[PDB]
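Right, one structure below, let's go through it.
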Amino acid sequence: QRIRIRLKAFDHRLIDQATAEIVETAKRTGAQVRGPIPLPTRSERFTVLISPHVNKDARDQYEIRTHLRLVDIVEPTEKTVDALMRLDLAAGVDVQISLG
Amino acid sequence: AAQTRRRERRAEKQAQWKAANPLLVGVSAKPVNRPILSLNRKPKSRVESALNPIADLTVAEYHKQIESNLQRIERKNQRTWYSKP
Amino acid sequence: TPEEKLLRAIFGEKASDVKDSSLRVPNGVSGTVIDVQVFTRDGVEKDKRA
Amino acid sequence: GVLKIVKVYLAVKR
Amino acid sequence: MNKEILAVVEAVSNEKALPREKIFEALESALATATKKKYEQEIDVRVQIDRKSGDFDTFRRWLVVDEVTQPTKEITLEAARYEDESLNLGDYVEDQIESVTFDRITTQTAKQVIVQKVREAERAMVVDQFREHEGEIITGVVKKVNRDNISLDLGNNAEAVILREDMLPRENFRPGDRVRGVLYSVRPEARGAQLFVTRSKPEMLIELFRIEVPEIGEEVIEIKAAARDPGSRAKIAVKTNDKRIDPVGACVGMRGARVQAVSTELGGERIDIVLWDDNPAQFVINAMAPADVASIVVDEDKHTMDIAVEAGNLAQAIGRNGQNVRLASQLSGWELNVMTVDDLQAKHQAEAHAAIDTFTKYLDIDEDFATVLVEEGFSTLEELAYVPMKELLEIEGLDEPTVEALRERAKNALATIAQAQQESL
RNA sequence: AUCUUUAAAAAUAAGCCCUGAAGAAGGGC
RNA sequence: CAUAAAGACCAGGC
């Protein structure tokens, strides 16, 4: 059965590292790996002035692009789920997981 | 932050001391600096034998067997043999 | 004392569990023994040797 | 106590 | 008799996949200690114990060295060549002592020497976990709060504990949540297994950087020193192995953000990312940030330094309640003194006239000597008057005689006065 | 949908007074 | 040096 894992991130090193960590975990705990595949880098923007009056600074308005991946797994055991439970994932990365 | 203002109010009483004792200035004492450099790093071999994915799931808890074997024998002669020395 | 709690984690369950308060002859009287008593109850293993 | 109590008869020449 | 102690002691044993080879040594040191007291000079004995038939044979042990220190103990090697030539220097020659029974009472020193060995074997495997996870980040579920400490559940009923000064200063707890920590430096404390989990020691912040920054798991950047205040401000020092890599830019991230995430993990924890230098003096100049350092005179032999700051940022160089000078007097390894430029000017004018007056304690002929002291110092008696090549070729004429006069008065002065006052009996 | 030249910087928090030169040490509310 | 409680009732001496 799935668990399905979808991860979102701002930095690419943390998500490449993190997906290497999850795939290495799923390989070691005796299960099979489905994926992972990447998706397009969705850009976004949100104007944050940490200062007074609007645009006398002539600098950027804190724009950023966003990376995200997805990976699946079929027929796991209890060693997999308490293994991923005991695993301390890093911060700054979002985990959109599933189960069933 | 706000208080400690009263010693800056007393800066003239500091100024007569700096006129009397010119070779002394503000000081800062100095503790345990020596093992905070060595415990700042393994650098990497501790999370190679600990290795954030793989070696909390593989090597999780290993004196958990010995502690259940420890008290249960001096418990075991009393709960097993019986109250009826 | 806790020091002989620690070395009575070394000696024994019955090694220093005892202290003397034996029933003796009262002060002044001095005779002989003419009769002893034997009374024992089924459960708890009468000694041998002996 | 520990180790036992036995009834003992004592005979003193009065 | 007993006849049951061996059955119950093969019942306790084989619990960590070694049944008999700890209690071999337990009966060695157990029965070897018993005959020490009954024969009152110096009698060291060893037994050979067998488990099959129940009969135990003890053996006489004598110490083989070259001379006889205290009597009858020494076989005096040439006699050890006769009984068995395979016996050499370093081991004892076996002689039979007549004793064959299970044992006479005592029979009880056995019982709690067994109780001792199971507890120190318990201590051994507890030390084995204390090798396997020091230091990791692991976390556990809160069970009990006994009003100074607290109890955890790290999984498989692995119970831990946290002290009072070992916390952030204002923490709140609910029975059930999970908190992360590094673990720790071992006390037993009583007979058991306790695990003080830390969140205020620097290794918590350090291992949070280790999970947060992946270049620590790649050995790209290298962290050297860490100075903290567990809810206010921290200073941590990084370097890089390759000079092209910026460790500061690697430690900040985008946008904050690594110091922002690890900061929000530890409350209002300010984090100063600072570069480590091989220079002792320049790393303090980096470490005083955000101050603007004017000049630093580094004083050796005491690990002390003096810092002067120009204007405006004096209370930012020292920090509120001395926090910049304290954490900066915790990061580097040299004691710091922060002053003004005018207190530094009065410091040099004080040390100059101080050196002049301590040279008025000596013989001190006319004012030209003090002019030499102001121009060329060389204070504290010229550091045993050993300077090269006419003070590196200063010109007043006076090539040979006057420098031999100041070195003669210098060495004679430090000899007579230093042996008069500094040298003790 | 046939060339766009070796990768990105963060804290804005800690109440009010006395002794002391202290950002050393302690007291009060 | 520390332990043999307290209380009830009866018998006894004068």
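Identifiers in the structure tokens: chain A, B, ... in order shown; residue index from 1 per chain; ligand index from 1 in order shown.
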
At a cut-off of 12 Å, which residues of chain C touch chain G? Count only C-alpha atoms (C1' of nucleotides) and give the answer as a compact mmCIF listing (two decimals) with N, CA, C and O atoms, in the first residue's frame.
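Wrote part15.txt, looks like this:
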```txt
# COMPACT_ATOMS: atom_id res chain seq x y z
N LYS C 19 22.09 -8.68 64.12
CA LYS C 19 22.82 -8.12 65.26
C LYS C 19 22.36 -8.81 66.54
O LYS C 19 21.21 -9.24 66.64
N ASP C 20 23.23 -8.90 67.54
CA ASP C 20 23.04 -9.78 68.68
C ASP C 20 22.05 -9.18 69.68
O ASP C 20 22.26 -8.08 70.19
N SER C 21 20.97 -9.92 69.95
CA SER C 21 20.11 -9.66 71.10
C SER C 21 19.62 -10.97 71.70
O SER C 21 18.43 -11.11 71.99
N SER C 22 20.52 -11.94 71.87
CA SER C 22 20.19 -13.30 72.28
C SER C 22 19.65 -13.35 73.70
O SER C 22 20.09 -12.61 74.59
N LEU C 23 18.68 -14.24 73.91
CA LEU C 23 18.08 -14.44 75.22
C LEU C 23 19.05 -15.22 76.09
O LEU C 23 19.38 -16.38 75.79
N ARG C 24 19.51 -14.60 77.17
CA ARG C 24 20.52 -15.16 78.04
C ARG C 24 19.93 -15.43 79.42
O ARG C 24 18.73 -15.27 79.66
```

Which residues of chain B come within 7 Å of chain F, and what is each one's closest atom pair and distance in Å (one decimal), counting only C-alpha atoms (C1' of nucleotides), sorted by chain and residue number, as JSON lines?
```
{"residue": "B:13", "atom": "CA", "partner": "F:21", "partner_atom": "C1'", "distance": 6.6}
{"residue": "B:14", "atom": "CA", "partner": "F:21", "partner_atom": "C1'", "distance": 4.6}
{"residue": "B:17", "atom": "CA", "partner": "F:21", "partner_atom": "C1'", "distance": 5.6}
{"residue": "B:26", "atom": "CA", "partner": "F:22", "partner_atom": "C1'", "distance": 6.7}
```

request  = Please identify every residue of chain B that has at least one atom no more than 10 Å from any atom of chain A, counting only C-alpha atoms, and report them as a PyMOL selection string.
outcome  = chain B and resi 51-58+60

request  = Pick out the residues sitting within 8 Å of stretch 3-10 of chain D, and hand them over as a ChimeraX atom specification; count only C-alpha atoms (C1' of nucleotides), and ignore anything fewer than 4 positions along from it in its own chain.
outcome  = /C:31-38

Limited to C-alpha atoms, could you put the picked residues into a file as a PDB file, in the first residue's frame?
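So the final result, stored in out.pdb, reads:
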```
ATOM      1  CA  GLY C  31      21.751 -23.160  87.442  1.00  0.00           C
ATOM      2  CA  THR C  32      21.759 -26.088  85.034  1.00  0.00           C
ATOM      3  CA  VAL C  33      19.611 -27.118  82.083  1.00  0.00           C
ATOM      4  CA  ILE C  34      17.212 -29.964  82.849  1.00  0.00           C
ATOM      5  CA  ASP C  35      14.653 -29.749  80.010  1.00  0.00           C
ATOM      6  CA  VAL C  36      14.619 -28.369  76.460  1.00  0.00           C
ATOM      7  CA  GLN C  37      11.642 -27.949  74.132  1.00  0.00           C
ATOM      8  CA  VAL C  38      11.092 -28.876  70.474  1.00  0.00           C
TER       9      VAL C  38
END
```

task = At a cut-off of 9 Å, list the chain C residues touching chain B, using only C-alpha atoms, as a list in words.
result = residues 43, 44 and 45 of chain C
